[PDB]
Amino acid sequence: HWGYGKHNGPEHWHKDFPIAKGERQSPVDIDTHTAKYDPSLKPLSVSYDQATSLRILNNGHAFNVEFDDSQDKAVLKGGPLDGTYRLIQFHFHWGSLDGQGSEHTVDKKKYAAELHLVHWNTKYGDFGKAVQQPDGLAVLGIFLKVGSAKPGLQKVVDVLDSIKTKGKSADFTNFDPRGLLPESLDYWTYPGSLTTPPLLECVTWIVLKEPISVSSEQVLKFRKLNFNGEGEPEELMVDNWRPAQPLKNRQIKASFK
């Protein structure tokens, strides 16, 4: 019964998920002056041409676009990663207002939203095993700012009426996640966690420097979703973001100078 309200939001999660106060929690503030350029980092390899999207779900905290991860169809490699990571789902976090919504921050700047493309390390066989491992997941984070529309986001926007409330799902085949990427794949990377319970410390974070632009109309539709189930008092799905956590004994590395 965790969520994002006053009574069950991020400040409460530690009572059921004590790892909330752990040593490698996410998100974090990215201090761009402190992040060290690491020339040993590789270019990211994003191989999404054969992606197979299947369904979109309102899970009560966000909406997830789910993929067929039973073969190496949509994978992330290179960068800081050893081995092959398969795309399982993407989702977003966003605000009630354009001046907040991202989970990571940059020099304390909050973006209007953040996209997370979630991948699991194939050496562990399944997502549920991978989350038990320190190198089990790689999450590609992409900031959203409000300006011009993102054409590749519009299919997502237009299906949201069909999944307004918690527990609703809809067919969502033939979606190309390449349409959500910025032009540049320059990134920061650091070891961290899931940003929702169970907050497991299993993620290599790869946060792209270049934000994507979406329109005010696009993000407005996100904010008309509901946390609640059908027939229950309406609770708009907004401010479903965890704030920055202590960096502790971690280094953020930059792929670029």
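Quick note: we count residues from 1 along the sequence shown, nothing fancier.
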**Asked** Comparing 118-126 with 72-80, which stretch shows the greater average C-alpha B-factor in the deposited entry?
**Response** 72-80
**Request:** With reference to the PDB entry, specify whether the mean Cα temperature factor is higher for 22-30 or for 38-46.
**Result:** 38-46
**Request:** Among the candidates 54, 225, 194, 51, give the one with the maximum CA B-factor reported in the record.
**Result:** 51
**Complete:** For 174, 89, 162, 96, the deposited C-alpha B-factor is largest at 162
**Message:** For the chain shown, is the CA B-factor of residue 210 in the lowest, middle or highest third of its modelled residues?
**Reply:** middle
**Complete:** Binned into thirds over the chain's modelled residues, the C-alpha B-factor of residue 219 lands in the middle
**Request:** State the tercile, meaning the lowest, middle or highest third, of residue 245 with respect to the CA B-factors recorded for its chain.
**Result:** middle
**Relative C-alpha B-factor of residue 110, binned into the chain's lowest, middle or highest third** = middle
**Message:** Is residue 102 in the lowest, middle or highest third of its chain when residues are ranked by C-alpha B-factor?
**Reply:** lowest
